Every structure is written in C-alpha cells, then in structure tokens.
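S.K.: Could you have a look at this structure, given as structure tokens, before my questions?
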Amino acid sequence: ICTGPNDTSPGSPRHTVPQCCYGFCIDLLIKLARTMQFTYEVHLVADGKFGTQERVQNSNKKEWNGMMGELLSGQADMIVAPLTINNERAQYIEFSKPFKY
Amino acid sequence: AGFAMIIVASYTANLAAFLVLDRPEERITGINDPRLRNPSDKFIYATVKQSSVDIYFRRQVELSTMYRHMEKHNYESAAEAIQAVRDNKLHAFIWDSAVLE
Amino acid sequence: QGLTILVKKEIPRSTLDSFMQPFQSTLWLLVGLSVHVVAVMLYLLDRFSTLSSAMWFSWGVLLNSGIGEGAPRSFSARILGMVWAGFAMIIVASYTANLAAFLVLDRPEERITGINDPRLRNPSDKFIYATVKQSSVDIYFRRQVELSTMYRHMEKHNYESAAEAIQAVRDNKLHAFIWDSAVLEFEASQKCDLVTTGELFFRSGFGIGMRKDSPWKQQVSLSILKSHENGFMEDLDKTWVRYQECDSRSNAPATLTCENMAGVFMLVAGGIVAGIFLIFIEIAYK
Amino acid sequence: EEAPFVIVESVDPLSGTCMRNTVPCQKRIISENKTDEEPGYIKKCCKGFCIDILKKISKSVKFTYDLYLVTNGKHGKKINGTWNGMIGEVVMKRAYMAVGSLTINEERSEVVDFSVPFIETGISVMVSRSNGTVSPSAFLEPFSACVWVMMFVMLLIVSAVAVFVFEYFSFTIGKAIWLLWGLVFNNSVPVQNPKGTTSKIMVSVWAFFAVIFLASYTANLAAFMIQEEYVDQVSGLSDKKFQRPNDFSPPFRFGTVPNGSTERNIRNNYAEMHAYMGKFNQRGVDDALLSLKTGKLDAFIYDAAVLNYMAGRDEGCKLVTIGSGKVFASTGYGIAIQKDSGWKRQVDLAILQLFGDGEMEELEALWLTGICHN
Amino acid sequence: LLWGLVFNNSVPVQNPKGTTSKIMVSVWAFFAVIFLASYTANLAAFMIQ
Amino acid sequence: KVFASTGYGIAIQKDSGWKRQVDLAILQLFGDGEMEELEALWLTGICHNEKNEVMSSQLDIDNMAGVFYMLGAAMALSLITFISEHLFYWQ
Amino acid sequence: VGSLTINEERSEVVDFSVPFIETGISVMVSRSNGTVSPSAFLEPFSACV
Ligand SMILES: *[C@@H]1O[C@H](CO)[C@@H](O[C@@H]2O[C@H](CO)[C@@H](O)[C@H](O)[C@H]2NC(C)=O)[C@H](O)[C@H]1NC(C)=O
Ligand SMILES: *[C@@H]1O[C@H](CO)[C@@H](O)[C@H](O)[C@H]1NC(C)=O
Ligand SMILES: *[C@@H]1O[C@H](CO)[C@@H](O)[C@H](O)[C@H]1NC(C)=O
Ligand SMILES: *[C@@H]1O[C@H](CO)[C@@H](O)[C@H](O)[C@H]1NC(C)=O
C-alpha cells in the first residue's frame, strides 16, 4: 500500500488516494525490514522533484523543495529511491554505501 | 559468352557492395562533440529540473554556455521527457544509466 | 609545417599460393568420400526397383560439366539427386563467400598511434624512441615538464643527424623516430618502407635567420612574402618536394597476377601426365 | 565579425549580463545620417577564438584594453590611395592595434607592421561532392595480364593432349578448343562431347580448374568494389578548367567575395579569369554556401581556415576541400600593430612563448574542429 | 529439368521442343540467375559481420 | 560482467573526526570532472574497441556438419520412399 | 591507501571512505577464433523464399 497524490496537474483534487507501489527498491526495503525488525508506511512525495538547495522568500534563506526537504523537516526519516550522490547533498545527510554503481 | 560472364559477375559484385556497406551514421556523439558545445536551433536538449543533473552542470562554469542554453527547455519528470523524445519535439535527453538502458 | 613521427610499416599477409585456403584440407577429403557415398547409394537404389555411370553423374553434378548421359530410372534416386544438386550449389556458394571474406578484411593494425598514445607515456623496453641532439625538438620537450618521463627516457638514445636516424630505423634498431614533417613526408614518398602517423604538434614554420638588426634584414622579409604570390615559391615544390611517389594508401585490395593461380596451374599439368599412362593401362583393361 | 573566430552576441537583457567568458564589445558607432548621430554606445559582448588569445596575451604583458568594432569596410581594400576598413582604423591612429582576421601580404605589410602568425592559411577551393568515382576500368582490374596468357597456353597444350590421347584410346580441333573455352566460362554454350575415358577424365579435371578460377575472380572484383577513392574533379587553380571557363564545357561559376584579400591576389595573376568571375559575387559567406547547395553556384574560392571550418560542421557530412587541403597561395593570419611601437617585439616573444606550452593545442581543439573529420 | 535449371544446371535433361515451352523455360531461367546471384551476395554479407 | 560488485576506497582507523572531511573532499573531486583526466591519463590503453572481425578460414566445423546432416536426410527420406514400391507390388 | 576492496569482514575493524571507481570479481580468458554460426548456410533466407 502506498499513500500518494493524484497530482496529475496543479490544482488537482489533491485527494491523497491510496495506491500500491512495488518493484525493485520496494523489494530491497522488505528484505531490510524482515532483517531489521520494525514497521513502516511508505508514501510518495508532495511535488515529484528530487531536491535541490534554493533560496526563497526573497530573503537570505535557502531551503530544499523536493524529497530532501521532507527528510529534514521531519515529515520523513529515510529515503529509499533512486537518489543520486553528490557533494551538497552529502553536507546535511549521511549516505549508506552505494548499492548500484 | 565472355561478355556474358562479365555481366553476371559484376552484377553480383555490386549487389554485394550495396547490401553490406551501410550509411555513415552520425547520431553518434560523445560529450565533447562540439555539436554540444555551440548549440544552434536544431539542438534543444533538456533535462529534469531540480535534479542532480542540474547541480552537476551549474557548478562547472566552464560548461556554462551549455547550461544556460538548456535552461529554457528543462522538463518535469521522466515520463514527460521520454514521451517527448518519442516525437522529435527535442533531439537529445541527458539522464542516468540505470534508467535509460 | 610541424612535427610528426615515423616507424617501419609491416607488409600485409596477402597470401596467393594459399589456394586451398578456405577449406581445412580435411573437409576436402570429406567431400571426396561423400561423393562416392551417394553414388553407390544411387546405383543400389537403381538395381533393386547404370552402375559405373552414376559415378560420372555425381561428379558431373559437382563440377558443372563433363556430362555423361545418366539419369534416375527409379523414383527414389530422383529425389536423391535433386537434393544432391542442392548440396552442390550450397558448397560452391559458401566457398566463394569465404574467399571474399578473407580477401577483403585485413589485419587489425596497431602501429598507428598519436601523441597521447599511452604507449608513449609509460615507456618500456620495447620502445626506444630517440631524436637528434641539440635540436629544436629537444628544446620543445624539456621545457614542458609534464612530459618529463618521456624526456628523460629518451635521452639515453638520442642520435646525431638525419641520415643516422633514418638508416637506423631501416633496421629496427629503434622503433620510432620523431622529427618534423617536411623532411619525413618527402622521405616516405621517396623511400618506400617508411610511413608517417597521426596528427601534428608544433605549428611552427621555418625561416631565414638574421643577425640582430643588420638593416636590410627587414628588406629581405618583403621579398619572401612577395614570392608567395607569384607562385615562384609554390613552383619550387614540384621541382623538388613532391615529385617522386611510391603509390601509398591504406591497405588497398590488390589485384593478383601469378603468385596464386600457379598454385593450381601446376595441378593442371599434373592431371595431364597421369592421364597418359592411365591411357596405357586403360588399353590393358581393354 | 568573421564566423568562427570572433563571434558576437548581445547581453541577456537582465543586467548587461553575459556569460563571464566573453568581454565587453560595444560598437559605439551607430551608422545613422538623419539625426546628428552621436556615436551610440550599444554595448554588446564578443567571444570566440581570436578573443581568447587576446586575453592570454594581455595578461602576460600586463596592460589593459577595450574593444571597439568597425563600421566602414571590412578588411580594407585600399581605394584612391586610401585605406578604409580596419587597416584604416589603425593607420589613422584612431585605434592602436587590430586583431581578428587579417591575411598578411605585401600591400598591407608596408603601411603597418605585423606580428608572428598564428596558423597556416591561404587561398583554397570548395566544391560540392560528387558520387561513385568507381574506375571505368573496374572490370579489367582484378587481374594482371599473365593470368590470361597462362590460361591461353594451357588451352593450347590441353587441346594438343586431346589430339594425342583421343586418336588411339578407342572430330577434335574443329571443336575441342570451343568446348574447353566454353567450359571455362559458365558453359552456356552447347557442344558435342568427347567419348572415351581418357579425354573424359581430362576435360573433367580441366573444368575443376574452371570453377576455382571463376569463383576467385568474382571474389576479387567484390574486393575492389569496396575500396573506392572519390577522386575529386578540379585539381588546383592551374587546371585549364579554371582557365578555359566558357570554352571546354557548359561554363562554370567561380564564385568569390569582393573587397577581400584573395580577390586582390587573383586580379593580380589571372586578370582574364577575374573578368569572367566578376559577375558572380556572393556577399557574405552563407549566401554562397546555400547557393552552392542548390546548383546556383559551381565552385567557390576563398580563404582557407574559414573553409576548413565551415566544412566539418555541415549536416550533410559532405561538402569538401578540393585537394585535401591543397593550400597554395600560402601565408598566415596575424595581429596588426601601428608602426614602430616598441611593443611589437613583446607581442612577438609572447605569442611564441604561447606556442611553446601547447596551448595552441587546446584552443585549436576547442574551437576549430568539427565532426565529419575523416 | 526446371529444378536443375534453378541450381546451376549440372544435370542433363531432354529439352522441350515447341516455341511456347521454349519461351516459358527461358524466362524461368532468367529468374534462376537473379536468384542464385542474390543468394551468394547475401551469404557474402553474413560472412563479414 | 562485473558481478560481485563493490568499490575500492581509502582506509581510516576508527572514528577520526577526519573521516567526514576526506569524504566530502573526494566527492568534491568527482564534481569537477578531474576523475575524468586522471582516468584518461592512466587507466586506458590501446585495443579499446567493442567488436571486430578476423579472417577465419578452413572450416571443417559444425557448420558443414549441419550441412552434411541435411545431406544424410536425403538417404533417410530415400529409404523411406523405397519400400512404397513394394506396396504396389500388391496392387 | 592503495587498493583495498571493500567488504564486510573488513568493514567493521576499520572505517571507509566513499569509493572511487567501480570494481569487483571478474574473469579473463584467452580469445578463440572464428565463431561463425554452424548455421551460416541457412542464414540469408527466411522460409517464405
Ligand atoms: C565592398 O563592400 C561594399 C559594401 O560597403 C560594396 O560596395 C558598393 O557598396 C557601397 C557601400 O554602400 C555602395 O555605396 C556602392 O553603391 C556599392 N557599389 C559600387 C561601389 O559599385 C561591395 O561589396 C564592395 N565594394 C565594391 C566597390 O565592390
Ligand atoms: C582620387 O581621389 C581624388 C580626390 O580625393 C580625385 O581627385 C582623384 O581623381 C582620384 N583618383 C583615383 C585614381 O582614384
Ligand atoms: C549525387 O547524388 C545526389 C543525391 O544522392 C544527387 O545530387 C546526384 O545524384 C549526385 N550529385 C552529384 C553532385 O554528384
Ligand atoms: C586460434 O588461432 C591461434 C593462432 O591463429 C591458435 O592458437 C589456434 O588456432 C586458435 N586458438 C584458440 C585459443 O582459439
């Protein structure tokens, strides 16, 4: 199960419909869980963009939209997806060893 | 009769020549293909906004002419881009392997 | 003009006398048996439902000629011979094909290089590549420290003058010599074993040398520049630089003359000699 | 503004912004006559090849500079003992020294000075690319003569053997030669057959020779029909085609560009040809280019390096240079300097210093290269 | 007969007299030549890649 | 077809507050494409090509084996046909 | 530094950085010759011919 948005376009009913997600990473997640003794509840991101570090407010602050935003603000606590590695991202997050070069 | 043999041989030969030698194809490129260093009309080549690709470009100022020339077309998500290149709206999309392959 | 390299080219293995080339003589004998195999199967199928002839028949079918007048009398051998002929066509075609493949596709040659060929960035034993001492080449190298591993590795072989170097590379004493174009290219076009290689380095030019500022220096310059428009300069070339040519290209397909077909021409004569005494012994059977 | 050397373009309308690589490039003269036309400062910014080398020089000789485009004329063919063009703008000491693209030659080289040249260049020719230059002697190609004569003599001798063996085992020359020949050649022909086992064997093994022979031959021909050579047609201005223009064909069209250097050369060595050319001038470059795409124009004569550029960057990967770069009226580009500045020496030693460190590798490989380079 | 014709007619065979059949078999053989030549070309193709 | 797949690396004794710095540093390097030049300066060689073709020859091999098989197919089918004449030896 | 493959047994007695370059276990074998299909002859045609 996978709670997500019907964000087919800006202005949608935004109805956070439930759907079902599956595939590669989900498999990985399941293995991790069954070997790591916890529970979990996935759900897609708000916007759809991965995430970058942009100034906003027309003030001196720069935040992240995108997944990493919901990683830092607490909405979430682990990102499992095709997320690249980089420099900046490695500033504010920790990275497990890679898993597909 | 001599003449006859000459004909039929020659005919075979040229059929072979046609059948084996193909067109010289130039879609092939690299990254240093000048055709991606000095854009023109005929090369719009976008990417996915707010995506790690972007961060790699802008912080390598020596590529700037590329960078800015691309900013005016950058897309929104995979499906968008792929479905785009299906119909020659663009020419070239630039992304990461374990999706394209 | 500018700098390039040169190195002894290797002569291609375009084999003519190789006539039996595409067939691994084993297979040839295999044919030589299968033929009689089907022959005897034939006349067998004949006698039950023309026992020496069928031999003729088959060998004809393979060699497109020489015909007797045999045939199938049965119904079986009809199908037999039909597919037999099919087989025959398949052979001769395939043979042609592979002969073509051999004749057109050449060796993958790797003498070709550049300047960034690592094989000139990390020398070993097998690459001594000298130059002419106290020569402008030298000055270009040492003052480009990023090339130093090359530089020093070369210092232990540097030669004395052109003729020295060229006559050297004639006999594989070295592998690669590195010098400037308007000598090497004329060379490779006159002498006929040596060949240049990839692109250039040092877009320099030659030039008349003066003292410090003996006045009419300036004068002479003008004259030269003029000569480059009356073609007079341009004329001198044909008079000296690009007149002798060893026809030289990539590995070109080469017509064959007699180094191959002799390879079976002789067989011809052999078929002759045998015949005569066979004749005698033929009369014997008679 | 020549094409791949000195590219010009206008700032992003945001804030005079452009693309830190370039440098400010106003053409502060605006051509206008109806109003007083105070020279309008329309800021723009240029970049390219020549510009970079300018920048590196300036840094290594410690001075500063602005740029200043040009208005009247382009490369200044002198007229009425007067130099328009940038040669003008430097001879009348309104502008100190000129870069960009100025071929060297006599007429210029005495009113100003010159530096040491960058890169080879000169007059050359462009012409569209034909098709299928396969030799009209392709069929006779894959054999020498010795094959054929060896064949002939084999014929005669085996025929004689037919005579000598056929008479005694158990209607010969009137046919035998005919038969055997036919056999060699994919024996369409009909012919009576020699009875008797001796001859039977003989002719059979002969045919064996036949099959090999034919198959080989076809293979070799298939070989030659893969390595063509695309031998170009015109072969240098010395060709009479470029000398008997209207005579020995439906006449050509020797497009050129006026006002230039090259023209100044032609009209000093083949005035006759210059006359016939006169009626084909193609302003700018692209004009002639397209007109060459669509038959309006037959062949083109112009500076070299600009061509060895415009070639390797055309979609149809074929235009061509006539002799694989048979540059003949040969000289270099350079850098203009008004007479006798004690600088000249410094510029000189500087550019040479540059040639030292191979940077005129990178610049070259960064701008003056293109696909289809083969 | 006809089969043999297709296949580089080593074989011997009696010939149909009469202009109709004559024309027919001739034009058939025309098909034969093209066919064989093509086929060889294609094989030469595959023996290069 | 690398299959047991991982990377090289750099060893550090446990828990030096450095580790982080090394990390961010090497990543910074990957940024500016220098791990292009180093790579192209050492870990490359001639013969770098995808595919080619060499003039094979002299085929007494499984191909002609298949051909000879299609041959013997003839003898099979022939003997199959043969007895059919016995059938009409009774009709 | 130098060359140390990463793996479990190592990765708990020391630490590790972020890796440089892909790697792992692979195989080398001398190169054979002439892998021409044993079905070359049947190749250049479909059945419909
Ligand atoms: C050089 O270029 C000029 C363009 O400036 C062309 O010349 C003539 O151009 C001037 C400039 O406007 C006109 O006033 C003349 O009417 C033009 N025709 C003449 C002078 O016959 C031309 O491309 C070149 N100059 C010449 C003399 O051919
Ligand atoms: C040159 O210009 C002057 C005026 O400036 C004029 O009197 C003279 O006739 C002109 N002659 C030529 C050859 O251009
Ligand atoms: C070459 O072919 C092109 C198109 O294939 C066509 O213009 C014409 O057949 C030939 N033209 C020239 C200039 O050879
Ligand atoms: C391939 O050819 C080489 C020499 O040409 C020889 O070792 C043998 O014939 C073949 N070896 C292998 C391993 O295929």
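Residue numbering restarts at 1 in every chain; chains get A, B, ... in the order shown in the structure tokens, and ligands count up from 1 in that same order.
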Starting from chain C, keep only residues with some atom at most 6 Å from an atom of chain F, counting only C-alpha atoms, and report them as a list in words.
M.R.: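 On the chain C side, the interface is residues 22, 23, 24, 27, 76, 80 and 102 of chain C.
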S.K.: For ligand 3, return the neighbouring residues as a VMD selection string (distance at most 7 Å; only C-alpha atoms and all ligand atoms).
M.R.: chain D and resid 128 to 131
S.K.: Go ahead and save the residues from that selection, with C-alpha atoms, as a compact mmCIF listing (two decimals), in the first residue's frame.
M.R.:
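Wrote again29.txt, looks like this:
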```txt
# COMPACT_ATOMS: atom_id res chain seq x y z
CA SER D 128 30.18 20.02 -53.70
CA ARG D 129 30.86 16.30 -53.51
CA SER D 130 30.04 14.01 -56.41
CA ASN D 131 29.19 10.30 -56.22
```
S.K.: Skipping near chain neighbours, those fewer than 4 positions away, what residues fall within 6 Å of stretch 10-24 of chain F using only C-alpha atoms, listed as a list in words?
M.R.: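 Residues near the query, excluding close chain neighbours: residues 1, 14, 15, 16, 17 and 18 of chain G.
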S.K.: Tell me, counting only C-alpha atoms, for each residue of chain B within 9 Å of chain F, which pair of atoms is nearest and how far apart they are in Å to one decimal, in rows ordered by chain and increasing number, as JSON lines.
M.R.:
```
{"residue": "B:56", "atom": "CA", "partner": "F:31", "partner_atom": "CA", "distance": 6.8}
{"residue": "B:59", "atom": "CA", "partner": "F:31", "partner_atom": "CA", "distance": 8.1}
{"residue": "B:60", "atom": "CA", "partner": "F:32", "partner_atom": "CA", "distance": 6.5}
```
S.K.: Tell me the residues of chain A close to chain F, meaning within 8 Å using only C-alpha atoms, as an MDAnalysis selection string.
M.R.: chainID A and resid 86:87 90:91
S.K.: Can you write out the residues you just picked, keeping N, CA, C and O atoms, as a short mmCIF file (atom, residue, chain, number, x, y, z; two decimals), in the first residue's frame?
M.R.:
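As written to disk, out20.cif reads:
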```
data_model
loop_
_atom_site.label_atom_id
_atom_site.label_comp_id
_atom_site.auth_asym_id
_atom_site.auth_seq_id
_atom_site.Cartn_x
_atom_site.Cartn_y
_atom_site.Cartn_z
N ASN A 86 26.24 13.05 -4.29
CA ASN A 86 26.71 14.32 -4.78
C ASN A 86 27.73 14.88 -3.82
O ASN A 86 28.43 14.13 -3.14
N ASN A 87 27.89 16.20 -3.84
CA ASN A 87 28.54 16.91 -2.75
C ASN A 87 27.52 17.52 -1.79
O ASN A 87 27.39 17.09 -0.65
N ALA A 90 25.64 15.61 0.31
CA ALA A 90 26.35 14.96 1.39
C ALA A 90 26.69 15.90 2.51
O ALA A 90 27.45 15.52 3.40
N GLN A 91 26.19 17.12 2.47
CA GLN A 91 26.51 18.05 3.54
C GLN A 91 25.60 17.87 4.73
O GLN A 91 26.04 18.00 5.87
#
```
S.K.: Write out as a tab-separated table a residue-level contact list of chain G versus stretch 19-42 of chain E with cut-off 10 Å: for each qualifying residue the closest pair of atoms and the distance in Å to one decimal, counting only C-alpha atoms, rows sorted by chain and residue number upward.
M.R.:
```
residue	atom	partner	partner_atom	distance
G:43	CA	E:42	CA	8.9
G:44	CA	E:42	CA	5.8
G:45	CA	E:39	CA	8.1
G:49	CA	E:35	CA	10.0
```
S.K.: Taking only C-alpha atoms and all ligand atoms into account, report as a short mmCIF file (atom, residue, chain, number, x, y, z; two decimals) with C-alpha atoms, in the first residue's frame which residues have an atom no farther than 9 Å from an atom of ligand 2.
M.R.:
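See selection-v8.cif below for the written result:
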```cif
data_model
loop_
_atom_site.label_atom_id
_atom_site.label_comp_id
_atom_site.auth_asym_id
_atom_site.auth_seq_id
_atom_site.Cartn_x
_atom_site.Cartn_y
_atom_site.Cartn_z
CA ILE D 79 40.94 52.78 -52.66
CA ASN D 80 42.14 56.03 -54.14
CA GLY D 81 45.37 55.75 -52.22
CA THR D 82 43.24 55.44 -49.13
#
```
S.K.: Enumerate residues in contact with ligand 1: an atom-to-atom distance of at most 10 Å, counting only C-alpha atoms and all ligand atoms. Format the result as a list in words.
M.R.: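 Residues satisfying the distance criterion: residues 71, 72, 73, 74, 75, 76, 77, 79, 85, 257, 258, 259, 260, 278, 281, 282, 283 and 284 of chain D.
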S.K.: Could the residues that lie within 7 Å of ligand 4, counting only C-alpha atoms and all ligand atoms, be listed as JSON, numbers by chain?
M.R.: {"G": [30, 31, 32, 33]}
S.K.: Report as a list in words all protein, DNA and RNA residues lying within 9 Å of residue B:52, evaluated on only C-alpha atoms, omitting residues in the same chain fewer than 5 positions from it.
M.R.: residues 50, 51, 52, 83, 84, 85 and 86 of chain A; 57 of chain B
S.K.: How many Å separate atom CA of residue D:328 from atom CA of residue C:228?
M.R.: 8.7 Å
S.K.: Taking only C-alpha atoms into account and nothing else, which residues of chain C lie no more than 10 Å away from chain E? Please answer as a ChimeraX atom specification.
M.R.: /C:57-71,81-83,85-90,92-102,104-105
S.K.: I'd like a table as a Markdown table: residues in chain G with an atom no more than 12 Å from chain A, each row giving the shortest atom pair and its distance in Å to one decimal, only C-alpha atoms counted, sorted by chain and rising residue number.
M.R.:
```
| residue | atom | partner | partner_atom | distance |
| --- | --- | --- | --- | --- |
| G:6 | CA | A:97 | CA | 10.1 |
| G:7 | CA | A:97 | CA | 10.8 |
| G:8 | CA | A:97 | CA | 11.6 |
| G:11 | CA | A:97 | CA | 11.0 |
| G:15 | CA | A:97 | CA | 11.6 |
| G:16 | CA | A:97 | CA | 9.4 |
| G:17 | CA | A:97 | CA | 9.2 |
| G:18 | CA | A:97 | CA | 7.4 |
| G:19 | CA | A:97 | CA | 8.6 |
| G:20 | CA | A:101 | CA | 10.6 |
| G:21 | CA | A:101 | CA | 8.7 |
| G:22 | CA | A:101 | CA | 6.6 |
| G:23 | CA | A:101 | CA | 9.3 |
| G:24 | CA | A:101 | CA | 11.3 |
```
S.K.: Work out how far atom CA of residue B:65 is from atom CA of residue D:19, in Å to one decimal.
M.R.: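 Distance reported for this atom pair: 7.4 Å.
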S.K.: Skip stretch 78-81 of chain B itself and residues of its chain fewer than 2 positions away, then list as JSON, numbers by chain all residues within 8 Å of it, counting only C-alpha atoms.
M.R.: {"B": [47, 48, 75, 76, 83, 84, 85, 93]}
S.K.: Counting only C-alpha atoms, what is within 10 Å of residue B:58, bar same-chain residues fewer than 6 positions away, as a ChimeraX atom specification?
M.R.: /B:64,66-68
S.K.: Could those selected residues go to a file with C-alpha atoms, as a short mmCIF file (atom, residue, chain, number, x, y, z; two decimals), in the first residue's frame?
M.R.:
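Output saved as out.cif:
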```
data_model
loop_
_atom_site.label_atom_id
_atom_site.label_comp_id
_atom_site.auth_asym_id
_atom_site.auth_seq_id
_atom_site.Cartn_x
_atom_site.Cartn_y
_atom_site.Cartn_z
CA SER B 64 28.01 27.45 -18.85
CA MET B 66 25.54 24.60 -22.34
CA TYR B 67 23.89 25.20 -19.00
CA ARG B 68 22.02 28.33 -19.86
#
```
S.K.: In Å to one decimal, how far is atom CA of residue C:208 from atom CA of residue C:190?
M.R.: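 If I compute the distance from atom CA of residue C:190 to atom CA of residue C:208, I get 26.4 Å.
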S.K.: Taking 5 positions as the minimum chain separation for residues in the same chain, which residues sit within 10 Å of residue B:1 when counting only C-alpha atoms? Answer as a tab-separated table (two decimals) with C-alpha atoms, in the first residue's frame.
M.R.:
```
chain	number	residue	atom	x	y	z
B	6	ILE	CA	31.47	-10.47	-67.12
B	7	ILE	CA	27.98	-9.12	-66.75
D	181	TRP	CA	36.71	-22.33	-73.66
D	182	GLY	CA	33.01	-22.53	-73.06
D	185	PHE	CA	33.08	-19.55	-69.00
D	186	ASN	CA	29.97	-20.88	-67.31
D	187	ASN	CA	29.16	-23.12	-70.16
D	188	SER	CA	26.03	-21.71	-71.58
D	189	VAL	CA	27.19	-22.97	-74.91
```
S.K.: So that each row is one residue of chain G with an atom at most 12 Å from chain E, can you give its shortest atom pair and the distance in Å to one decimal, using only C-alpha atoms, rows by chain and rising number, as JSON lines?
M.R.:
```
{"residue": "G:34", "atom": "CA", "partner": "E:47", "partner_atom": "CA", "distance": 10.4}
{"residue": "G:35", "atom": "CA", "partner": "E:49", "partner_atom": "CA", "distance": 10.7}
{"residue": "G:36", "atom": "CA", "partner": "E:47", "partner_atom": "CA", "distance": 7.8}
{"residue": "G:37", "atom": "CA", "partner": "E:47", "partner_atom": "CA", "distance": 9.6}
{"residue": "G:38", "atom": "CA", "partner": "E:47", "partner_atom": "CA", "distance": 11.9}
{"residue": "G:39", "atom": "CA", "partner": "E:46", "partner_atom": "CA", "distance": 11.0}
{"residue": "G:40", "atom": "CA", "partner": "E:46", "partner_atom": "CA", "distance": 7.6}
{"residue": "G:41", "atom": "CA", "partner": "E:43", "partner_atom": "CA", "distance": 7.3}
{"residue": "G:42", "atom": "CA", "partner": "E:43", "partner_atom": "CA", "distance": 9.2}
{"residue": "G:43", "atom": "CA", "partner": "E:43", "partner_atom": "CA", "distance": 7.6}
{"residue": "G:44", "atom": "CA", "partner": "E:42", "partner_atom": "CA", "distance": 5.8}
{"residue": "G:45", "atom": "CA", "partner": "E:39", "partner_atom": "CA", "distance": 8.1}
{"residue": "G:46", "atom": "CA", "partner": "E:39", "partner_atom": "CA", "distance": 11.7}
{"residue": "G:49", "atom": "CA", "partner": "E:35", "partner_atom": "CA", "distance": 10.0}
```
